[PDB]
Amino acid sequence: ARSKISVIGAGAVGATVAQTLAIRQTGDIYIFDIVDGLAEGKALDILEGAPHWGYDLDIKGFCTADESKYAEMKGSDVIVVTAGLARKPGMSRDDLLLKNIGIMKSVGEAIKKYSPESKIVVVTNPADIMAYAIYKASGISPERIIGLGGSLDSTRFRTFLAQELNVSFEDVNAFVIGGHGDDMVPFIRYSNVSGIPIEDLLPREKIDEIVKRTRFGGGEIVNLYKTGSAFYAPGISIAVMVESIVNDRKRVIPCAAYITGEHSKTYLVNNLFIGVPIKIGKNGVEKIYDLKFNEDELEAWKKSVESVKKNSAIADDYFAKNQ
């Protein structure tokens, strides 16, 4: 009677997604992790709060050291992919990408085997490239796969704007597309407080500072935690995407999506994932909005595109060599 969501990865991010989905009563939640005991423990800890919170859900966790346990994903409406590494001492983010692509390949093949009907929300960073790897490995029709990106950048951008202007978080709207960091592309003219353009409220230098803080917002958290990365804001940023699919909400949120056909004319890429505004519903990507760029936005977009093309070619090379 209820929708089913699987979460792959039971670390801080995946477990936060699971706890968030339970609070928001999105559906039954099954958690998966290769680490002995981890997914089972997170699921139980989350489930044990149900009598206080009020959620009547089936919440379970499984160890995938025996990959056969991936069979428990069967019937999932959405699978959230959060498995993967963060940098180890002596690892470039270039080495990290390659490592994570390999994990995506394994995960995608498991999804293909046990739950090929699911829509997929890919979280592992950079999620545009990891969504691409999931697509290549799973064979799932590409409109059914989306990557986390803009939901998180926009929530940070809104937070900073709201604090600066001393207004409710609900009334700030901050428009971003593309990736994280230098690949992020804000449309300041589309950012506002209850419709009032930010450019009518803050001077350029202040907006610039806020844009910068947003670009490096993940690193800001890493520098505070020292030994881990953000998970609270990512968790809810992911959950709002998931629930839009499960409950067919038709939220319009920038996410990493597969660009093809007429959309390639606007976004200057073809057959790749990159962050663009999408309508999210029961079928996955229900619509890609084609934006109109001014010159600054276009030049910024071109840089973002080159980074994605570069990293996607790396994923291509990996799959070509590892049948």
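One-based numbering along the sequence shown.
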- [ ] Quick one: say whether 3-11 or 312-320 has the higher mean Cα B-factor in the deposited entry.
- [x] 312-320
TODO: Name the higher of the two by mean Cα B-factor in the PDB entry, 201-209 versus 88-96.
DONE: 88-96
- [ ] Just grab whichever of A65, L47, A39, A257 has the top CA B-factor as deposited.
- [x] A65
Task: Candidate set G149, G228, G217, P142 [ranked by C-alpha B-factor, highest] - done: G228
Task: CA B-factor placement of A18, once the chain's modelled residues are sorted into thirds - done: lowest
Open item on the list: Split into thirds by Cα B-factor across the chain's modelled residues, where does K136 land: lowest, middle or highest?
Closed with: highest
- [ ] Would you mind checking where the Cα B-factor of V269 ranks among the modelled residues of its chain, as the lowest, middle or highest third?
- [x] highest
Task: Third of chain Cα B-factors occupied by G284 - done: middle
- [ ] For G178, return the chain-relative third of its C-alpha B-factor as stated in the PDB record: lowest, middle or highest.
- [x] middle
